[PDB]
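Next up is one chain by itself, shown in structure tokens, the form deposited without 2,6-diaminopimelic acid (API).
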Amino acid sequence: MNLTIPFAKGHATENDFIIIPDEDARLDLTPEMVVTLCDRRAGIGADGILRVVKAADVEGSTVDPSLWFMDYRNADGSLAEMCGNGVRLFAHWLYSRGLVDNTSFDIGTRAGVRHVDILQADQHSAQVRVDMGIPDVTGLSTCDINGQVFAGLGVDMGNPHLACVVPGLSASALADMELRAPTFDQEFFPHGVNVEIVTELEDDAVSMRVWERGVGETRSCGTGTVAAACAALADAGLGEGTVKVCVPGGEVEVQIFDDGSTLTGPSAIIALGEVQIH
């Protein structure tokens, strides 16, 4: 059985997803089908798949069963918890297709309920704000990238980060760096770490590159932008504030409070079609 599946392609700061509508919970999307669809040259190509289903139809969903549930799969076929960027696209999809009736709403995920606000949306483009939780600064550590040692802050955003504000780092020197997989303290980070290399806060903005664990450099890491803003604010003596974070895939704005944080950024829905697998 080769199967034809209606889909949409989109991205959120160029962290890209295939959206699969399945409002009646009819599709059994297997790991193998995930991989096949996300293969960029043989399939459609993406970082992952966002299946659109009600929380009622996801077994083990902890959340209110009337909510839409972001059934997120990584491109390698694994189940994934949550995605700071993919939530924006999922929210954009729900709102722009009239599946929710308010600009402010919740979405279910395997990591719990996520609250979103649509600031602007049409069928192609949106600006979405997501609640990202209290950043938890777990300590002070270092990594080594290609012989050069960087100091950072451990930040727990639900997943582990080492966010390294580099004194003296310009946006051009950042773009010109060669990145390789970092070496780090494996006692501090026993399950691996996402490393952000970040400029100092200047006119309420910074730039970042990120080496995501198990993946390598990416266009954008949503949780990583919050970590980076956390570290930028720390390095400037501030415990709270608003930071524009520039990543290779675009720009986002992070707000850090005492008791929470938000990530605001774009969402784009690029194509609609039908794909045949298998």
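We number the residues from 1 along the sequence you see.
Enquirer: Which is higher on average in the deposited entry, the C-alpha temperature factors of 30-38 or of 61-69?
Expert: Looking at the recorded C-alpha B-factors, 61-69 comes out higher on average.
Enquirer: Looking at the deposited entry, does 258-266 or 10-18 carry the larger mean Cα B-factor?
Expert: Stretch with the higher mean C-alpha B-factor: 258-266.
Enquirer: Highest recorded C-alpha temperature factor, please, choosing from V87, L162, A126, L79.
Expert: Result of the comparison over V87, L162, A126, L79: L79.
Enquirer: Can you tell me which of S207, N194, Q186, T138 has the maximum CA B-factor listed in the PDB entry?
Expert: Top of the list by C-alpha B-factor: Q186.
Enquirer: Which third, lowest, middle or highest, does the CA B-factor of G48 fall in along this chain?
Expert: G48: CA B-factor falls in the lowest third of its chain.
Enquirer: What third of the chain, by the recorded C-alpha B-factor, contains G216?
Expert: Tercile = middle for this residue's CA B-factor.
Enquirer: By the record's CA B-factor, is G133 among the lowest, middle or highest third of residues in the chain?
Expert: Highest third, going by the recorded CA B-factors of the chain.
Enquirer: Where does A236 sit by CA temperature factor within its chain: lowest, middle or highest third?
Expert: Its C-alpha B-factor belongs to the highest third of this chain's values.
Enquirer: Comparing against every modelled residue in the chain, figure out the third that the C-alpha B-factor of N146 lands in (lowest, middle or highest).
Expert: It belongs to the highest third of the chain when residues are ordered by C-alpha B-factor.
Another form, the form solved in complex with 2,6-diaminopimelic acid (API), is not on view; read the next lines as being about it.
Enquirer: Spot the stretch among 53-61, 230-238, 213-221, 37-45 with residues whose non-hydrogen atoms come within 4.5 Å of 2,6-diaminopimelic acid (API) in the deposited complex.
Expert: After filtering at 4.5 Å, what remains is 213-221.
Enquirer: Thinking of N74, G84 and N194 as one candidate spot, does 2,6-diaminopimelic acid (API) come within 4.5 Å of a heavy atom in every one of them in the deposited complex?
Expert: Spot residues vs 2,6-diaminopimelic acid (API): full contact, yes.
Enquirer: Just to be sure I understand the contacts: of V116, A80, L94, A121, which is the one whose heavy atoms reach within 4.5 angstroms of 2,6-diaminopimelic acid (API) in the deposited complex?
Expert: The residue in contact is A80.
Enquirer: Although the partner isn't part of this model, could you tell me whether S207 comes within 4.5 Å of 2,6-diaminopimelic acid (API) in the deposited complex, counting any heavy atom of the residue?
Expert: No - in the deposited complex, heavy atoms of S207 and 2,6-diaminopimelic acid (API) never come within 4.5 Å of each other.
Enquirer: With the partner left out of view, is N15 within 4.5 angstroms of 2,6-diaminopimelic acid (API) in the deposited complex by any non-hydrogen atom?
Expert: Yes, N15 lies within 4.5 Å of 2,6-diaminopimelic acid (API) in the deposited complex.
Enquirer: Does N159 reach 2,6-diaminopimelic acid (API) in the deposited complex if we count a contact as any heavy atom within 4.5 Å?
Expert: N159: yes, in contact with 2,6-diaminopimelic acid (API) in the deposited complex.
Enquirer: With the chain divided into two rigid bodies between this form and the one not shown, is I118 grouped with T142?
Expert: Two-body split between this form and the one not shown; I118 and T142 on opposite sides.
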